[PDB]
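Novice: Structure for the following, please:
(6 chains)
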Number of protein chains: 6
Amino acid sequence: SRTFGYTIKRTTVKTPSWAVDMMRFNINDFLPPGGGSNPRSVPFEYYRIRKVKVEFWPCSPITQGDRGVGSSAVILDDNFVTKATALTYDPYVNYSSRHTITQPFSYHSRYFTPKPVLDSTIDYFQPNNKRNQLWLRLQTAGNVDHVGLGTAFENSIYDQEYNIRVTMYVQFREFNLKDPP
Amino acid sequence: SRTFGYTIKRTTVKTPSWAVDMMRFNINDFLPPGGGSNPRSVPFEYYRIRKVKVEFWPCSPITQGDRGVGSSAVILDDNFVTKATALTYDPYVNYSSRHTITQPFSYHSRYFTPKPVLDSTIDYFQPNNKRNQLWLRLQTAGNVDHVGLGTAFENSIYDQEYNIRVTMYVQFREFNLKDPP
Amino acid sequence: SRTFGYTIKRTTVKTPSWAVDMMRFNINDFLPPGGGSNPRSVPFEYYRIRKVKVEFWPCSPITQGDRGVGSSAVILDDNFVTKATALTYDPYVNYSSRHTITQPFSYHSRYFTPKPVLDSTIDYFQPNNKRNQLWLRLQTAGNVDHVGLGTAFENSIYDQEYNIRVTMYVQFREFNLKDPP
Amino acid sequence: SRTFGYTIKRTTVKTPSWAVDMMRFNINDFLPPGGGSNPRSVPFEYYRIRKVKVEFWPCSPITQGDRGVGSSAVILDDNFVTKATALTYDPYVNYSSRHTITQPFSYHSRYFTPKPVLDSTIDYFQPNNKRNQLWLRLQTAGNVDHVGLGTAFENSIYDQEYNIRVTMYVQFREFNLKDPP
Amino acid sequence: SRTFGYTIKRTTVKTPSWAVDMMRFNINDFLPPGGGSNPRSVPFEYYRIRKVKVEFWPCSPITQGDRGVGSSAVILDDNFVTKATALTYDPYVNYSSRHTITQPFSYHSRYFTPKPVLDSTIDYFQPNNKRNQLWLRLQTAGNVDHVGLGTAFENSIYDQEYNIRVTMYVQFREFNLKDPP
Amino acid sequence: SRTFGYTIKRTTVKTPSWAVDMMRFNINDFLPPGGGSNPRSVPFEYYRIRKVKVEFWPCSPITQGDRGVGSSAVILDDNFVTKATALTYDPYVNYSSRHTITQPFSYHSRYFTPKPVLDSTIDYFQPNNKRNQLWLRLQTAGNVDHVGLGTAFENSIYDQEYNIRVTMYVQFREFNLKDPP
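Specialist: Numbering: from 1, shown residues only, chains lettered A, B, ... in the order given. Find the structure here:
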């Protein structure tokens, strides 16, 4: 439920090279600190996540050409590729649940479900849309970081400024409020 | 969802005189201050109230006699009687929806629904258990005060100390959270 | 399947302050060491836990007054509140699956299902009453500690001594016995 | 669930003489000592026995000849014959529930139910496979000895070495565990 | 999908002592390194395991005697027994899902499903044959080690050489290929 | 599953002349070299091709005029026309399964199935969408070249830059992996 500026730097190379990026989810950013006997603005003992209606709302006009195509392959098992300002290939082009990345003015969105990362070394995760979703706990500091979607915009001569937006849905349960004197 | 000490001072008079009291409800006491872009610990635009399972949990043992009887007449239209340390009558004895006040160790509770007080001079209120319940708004300072139950414990030679408890139920709707940088 | 003395120290403060406590479950305490080729008194390769019929059997007589009220909120995600000899509020009063803590002579009990704590920093757990209960293993030393119930008795002038009792149910399977010469 | 070496000494006599043996069952051998407040590795107040899938797993190869034949007559009433290194007859050949003893490499097994021996002089026993099976008690020292199967291998010029194995099934009930401090 | 030489050293002791072993599974051994933009010979984002048709194909002829018997108990919770060149007992003889170990020329096999080991200290695992199987990820270096079957061959005077073979089944899904210039 | 730059050089001629091109398919380009005992990144003994969702994703903006029209006639029997920088006719205009080539910003795509070319002189091919599809074999060097779609963009005064993209679907079968030491 936030936005941030992610401008892709142009390149002079003639070959249409890609520029992979990264988008790590974080629940702490979707809630500011609290006060008194309630450090968290949303007090709850347990909470779950169903889906996240992600969307990469563009900002360039329709007159700007340099339109390309890509493949926003979903990522969850934690295994991003080495970042490069001008990649000479598209590693996310070969995938089952792929999606054509229409740019620039063309609207594009995705839908999936993220899961927490237990250990940074082994990196575990639960299946998608299932009743066996491992519950979590509320924490303002020691909080993990969920994996987002794998973007891959194609470079061009002109600049590019996007406005990524996410709507992390939450299903809180078993509230725990404190009303001191 | 809180408690407070309300000890009834004994009296030397032989006639069993009563001692009316007052219990004004307040939603601000059921939530502490917030912080940052969320002054309230419970962010929501609208909320309603259904019922309040009030209960006057006693604290005296069974060996302590001086047991009497009263009538906890419900009050909502705002019209309490003049407080008196030793009232020579029970004005709440004559009522339709009365309830035998069994004291001391005997457990006693009530169930009703409160409503906000628009003006202190005219004092308006909505009907009980109906779909036409006028909604309210969240406010940490400028908040009204709902009317509670009309208590009336009978005096005695020995002291008395109760532990009043209320479970003000709330039905929030249309959340409004703020997640600044 | 054991008991221990947990006496709540009295206080002179007039305001009815609470005194939160802690009850951490441990399977190693429910079985002493073994001998020979069977260090464990109950040999089994796998075992599960369904429910634990907890109960806080009191010990004070009925003649002792100072009766109060509380709320035994269930805890499993590991997030106890800072211990205090005389807390000026009840953080467990606001909860969904709450339970009125009737004291002293009044009997009170609860029923829930515990789960193991994988990591001490993230703290994970499985859902309640489900076929996806993650199995465990038998170990006399390297054993985790399950989370218990969240108690919250109210202070008083007179002393207080309870006799907590638990019946941790186990469902062993796939025995592994050793019968050396 | 144990094994032991029972080698039959060869003989020079030309006549094919038999060599009866003995196999007394014992529950104490199927469980080592305990420790602390649990001297027995398997704590239980009552236990029963249904069947024992006995088997005499051989060890000689198929190239070794000198194959004979016998009759493994069941024994339970306690009445073994005088042991002899080279018996000139087969007393177990005449029986109702007999079984051809195929040796050496040929596999052979039997199935019966043992019963405890009350007195050593009278020697009593209960019927086979019936609901009136007299229950027993757990004891690490003062334990009786059940009667096994009546073996009768035929002598030969070459040596012989078998690997007897028994799977004494148990049906424990009414556990009695101790969890001291 | 590999084989290795595991010869059991003979012993001079007369008592038939066992010799427990260990067999740890590893997915890295079932795939060699890659090259270029595909370090793994089998590119896939997610993969699962159903069953592993293990088999201990012997190599000794039928003329070799010294045949015994054992019990290949399944192991998954990580709890192997101390290795011994000549164990005076069989700890895997008492088990529910046991299997008679017929040696030498006699063929023997087993069927089960392994699971990954999250932590070496606590050692967790998922249930057998269930839809809640926790998925994994592809990794050529930082890869865990699954638990195999618990073998227990009996010693003998003559040597012994087996040819263990496994067919670790895999159900890859969501391919991720890279085809750079 | 790749992209390449194919810019059509402008022309000064007033008559709207066409500029035919060529697009030869190759499976070797959709897979990089391997290593060790797996020269191919995708090991499989047999594989087939169903369809190829071709698409000529444009890159010019909508403000750029000079829009024309053509006919992307399918080609498979190997019989391209002589290339010309400015053809004074459209040989692909007369066809049964034709398709209006809408340019520039207008999206256009096609769908068909290619087949291998046995000999370069006779040039054979199999029917479309049929169960009699002749299978092939995996090869990194000696691999044939399939025929693509017949493009025919109309010239113009302004430049033109398209981003051709193809998704060659494959249906591998009968895997053949090698896991040496």
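Novice: And for residue A:7, the neighbour number?
Specialist: Using other C-beta atoms under 10 Å in any protein chain shown, residue A:7 has 10 other residues around it. In short, each C-beta sits where N, CA and C put it, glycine included.
Novice: For burial, what's the neighbour tally of the closest residue to residue A:67 other than its chain neighbours?
Specialist: Take residue A:67 and drop its neighbours on the chain: the residue closest to it by C-beta to C-beta, 6 or more residues apart in numbering or on different chains is residue F:59, 4.9 Å away. Residue F:59 has 20 neighbours, counted by other C-beta under 10 Å.
Novice: What distance do you get for residue F:59 to chain B?
Specialist: 36 Å (C-beta to the nearest C-beta, to the nearest Å).
Novice: quick one: contacts for that residue?
Specialist: Residues in contact with residue F:59, defined by C-beta atoms under 8 Å, 6 or more residues apart in numbering or on different chains, are A:65-68, F:161-163.
Novice: same thing but 10 Å
Specialist: Going by C-beta atoms under 10 Å, 6 or more residues apart in numbering or on different chains, residue F:59 touches A:16, A:65-69, A:154, A:156, F:5, F:7, F:104-105, F:160-163.
Novice: just the buried members of those?
Specialist: A:16, A:65-69, A:154, A:156, F:104-105, F:160-163 (16 or more other C-beta atoms under 10 Å in any protein chain shown).
Novice: Let's see which of those end up in strands.
Specialist: A:154, F:160-163 (DSSP state E).
Novice: can you name the two of the residues you listed that are farthest apart?
Specialist: By the measure C-beta to C-beta, A:154 and F:160 form the most distant pair in those, at 17.7 Å.
Novice: for residue A:46, phi and psi?
Specialist: Residue A:46 adopts backbone torsions of phi -130, psi 150, taken as degrees, to the nearest 10.
Novice: the strands in chain A, which residues?
Specialist: Counting by DSSP E, the strands of chain A are A:3-8, A:18-20, A:33-35, A:38-40, A:46-48, A:55-58, A:70-71, A:100-101, A:152-154, A:160-165, A:171-173.
Novice: closest to chain C out of these?
Specialist: Shortest distance between chain C and the strands of chain A, using C-beta to the nearest C-beta, is found for strand A:46-48: 6.4 Å.
Novice: Partner strands of that closest one and their direction?
Specialist: Sheet pairing of strand A:46-48 (DSSP bridges) gives strand A:171-173 (antiparallel).
Novice: who's in contact with the closest residue to residue A:167 other than its chain neighbours?
Specialist: Distances taken as C-beta to C-beta, 6+ apart place residue A:53 nearest to residue A:167, at 4.9 Å, with adjacent residues excluded. Residues counted as contacts of residue A:53 (C-beta under 10 Å, 6+ apart) are A:109-112, A:165-169.
Novice: now residue A:53: how far from residue C:46?
Specialist: Noted for residue A:53: a distance of 41 Å to residue C:46, by C-beta to C-beta, to the nearest Å.
Novice: how close does the residue nearest the centre of chain A sit to residue C:122?
Specialist: Nearest residue to the geometric centre of chain A (C-alpha atoms, centre = their mean): residue A:148, 3.3 Å. Per C-beta to C-beta, residue A:148 is found 19 Å from residue C:122.
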